[PDB]
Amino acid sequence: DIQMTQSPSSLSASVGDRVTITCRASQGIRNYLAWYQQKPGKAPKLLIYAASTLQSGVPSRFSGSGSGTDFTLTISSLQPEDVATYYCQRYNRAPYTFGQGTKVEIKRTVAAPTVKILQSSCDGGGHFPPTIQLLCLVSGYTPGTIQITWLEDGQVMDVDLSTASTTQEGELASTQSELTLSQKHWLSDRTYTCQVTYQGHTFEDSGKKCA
């Protein structure tokens, strides 16, 4: 029986902090060890081989150490693009076992939620769909009371034309609101504002159909 195990299961640190993750081989594997980084929905990317050699293109904040059974990977200055799951792998001989994986996250700084409007696309042949939806995305905020209001050329829109909803995923909340417009109403080429009020402050995004 051959095993590769990792610690911790997950860690969270502030931007710029040092993070260290470990890998343990059940048998001595000298320096025949690799580290990979994987983001959601994507294949893993090789980061380090021969325990300490960075792959071309990997930033200088990454390093690896160890030989034999115990290994580490260090990120000296944790950055947003480093949020991912990390795996070690032995390649001395079969089995080419991967470790359990370690999730790395950034400790969320108190910050205003972002607000962005997206619009329905046209079809593959460039045609407007029967109705147009505007989707206002409010992402990354401490769970709390939130109010979303739509404006059309700066005036409040009928509350019936839109519906909101919220997903609480982990510590953060995300809220969205979908406004439905008839195709004829969209052709009038007015300006739409998604106005968000949160802990007493108001933030907004605005836009209009592209020329």
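Don't overthink the numbering: it's just position in the shown sequence, from 1.
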item: 1-9 set against 200-208, stretch whose average Cα temperature factor tops the other in the entry; value: 200-208
item: Between the two ranges 151-159 and 38-46, the one averaging a larger CA B factor in the entry; value: 151-159
item: Top residue by Cα temperature factor, when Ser174, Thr69, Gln55, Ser63 are compared in the entry; value: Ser174
item: Among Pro95, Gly99, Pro130, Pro80 - the residue whose C-alpha B-factor is largest in the record; value: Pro130
item: CA B-factor placement of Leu118, once the chain's modelled residues are sorted into thirds; value: middle
item: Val15 - which third its CA temperature factor falls in, relative to the rest of the chain; value: middle
item: Relative C-alpha B-factor of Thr142, binned into the chain's lowest, middle or highest third; value: highest
item: Among modelled residues of the same chain, the CA temperature factor third for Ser188; value: highest
item: CA B-factor placement of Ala112, once the chain's modelled residues are sorted into thirds; value: highest
